[PDB]
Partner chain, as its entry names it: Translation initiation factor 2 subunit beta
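What follows is a single chain, given as structure tokens, in the form deposited without its partner chain.
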């Protein structure tokens, strides 16, 4: 049979709203994710007797190509499908911190390139998720020649760009057409990255919940669960951990943050239990925390490390920054203005997003006073910078958080 193992790689699914991201994930995994960020897993195998791409399978069966032989197991993979709506760009940025590679979904029956087609694309480039496949979705609704016409636009768009040789794979997610070619492309272009498991364990938090059913007996109350993805190193059951920045405290008009210390009581990927958690997949860390602390994604944006790790938790940061020429996600083309002092910016760092006031601007560096602190677990940490333009937070640049 096939091993029951954790997913070993995270594939983002991004692109403009309604282009078919969620349907594409369902086409691949059989799972419909109504949750955003959405999440789903599948095993991937190959029938070694049969010809490709239909040799690739997402279940342990080669019936569809003749064999009663079991297909060779290749790996378990995970999809993170980001929301496409322009107002949800911050959520796309959080999710991108979790991605090892991405699929950019482009609807074949809409004029390319749409605003979030562009914004998601450049966001991926900035944060370095460059193992990209471009998927031309909804080909079922246009003629071959119309699809090809857009194909050459996509090629024109990526030319002269880091994505110049990114593959473009046409499919119908809704009617499940040419999905085998996408799976073959996933194996070819989105390899599982090398993981240095000696690095200090860091997990980025995107969810937290109280898993207790209603009216549950108080002696019966399970501890809080925290969901996210392990970004480096690995965690084990019964490891002493902390959540950073942690818990916000009133005290009584002056707000501060206190690290939350706890212990890993259980580890879970999907519905399977494990003893360890490594990079790849969305992990649910069980803890001894009061469920009231982890209710309703309360800890989104936090990180988790071992209890004794040294981690700066900063209310002021220095960023070595670069601005985009123009505001890519806007409908109307707009040039980005230089950072000005005393202007509030939105910073995405890991899975967190937080507002700050610019206290210093230089050609290559800004300093900002944060409304809430961020945990900075490493020296070269990419941040994405957004400005409120048009009543809406728009990506305008990026930087390195300098410590």
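We call the rigid core the largest set of C-alpha positions that still match within 1.5 Å between the two forms. Positions refer to the first chain, counted from 1.
Separately, the form solved in complex with its partner chain exists; it is not shown, and the next lines address it.
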{"query": "237, 147, 330, 234 - the one with a heavy atom within 4.5 Å of its partner chain in the bound PDB entry", "finding": "147"}
{"query": "Candidate from 362, 63, 342, 35 lying within 4.5 Å of its partner chain in the bound PDB entry - any heavy atom", "finding": "35"}
{"query": "Heavy atom of residue 180 within 4.5 Å of its partner chain in the bound PDB entry", "finding": "yes"}
{"query": "4.5 Å heavy atom contact, residue 157 to its partner chain in the bound PDB entry", "finding": "no"}
{"query": "Close approach of residue 202 to its partner chain in the bound PDB entry, 4.5 Å, heavy atom", "finding": "no"}
{"query": "Partner contact for residue 143 in the bound PDB entry: its partner chain, 4.5 angstroms, heavy atom", "finding": "yes"}
{"query": "Interface segment, criterion being heavy atoms within 4.5 Å of its partner chain in the bound PDB entry, picked from 163-171, 310-318, 226-234, 110-118", "finding": "163-171"}
{"query": "Output flag, 335, 348 and 393 jointly within 4.5 Å of its partner chain in the bound PDB entry, heavy atom basis", "finding": "no"}
{"query": "Position that moves between the shown form and the other one after core superposition, taken from 234, 148, 163, 309, with Cα shift of 2 Å or more", "finding": "148"}
{"query": "Residue 263 C-alpha moves between the shown form and the other one by 2 Å or more, core aligned", "finding": "no"}
{"query": "Residue 41 C-alpha shift between the shown form and the other one of 2 Å or more, rigid core reference", "finding": "no"}
{"query": "Per-residue C-alpha change between the shown form and the other one, residue 29, threshold 2 Å, rigid core fit", "finding": "no"}
{"query": "Closer or farther: C-alpha pair residue 96/residue 278 in the bound PDB entry, relative to this form, given a change of 3 Å or more", "finding": "closer"}
{"query": "Cα-Cα trend for residue 282 and residue 84, given that in the bound PDB entry the distance shifts by 3 Å or more", "finding": "closer"}
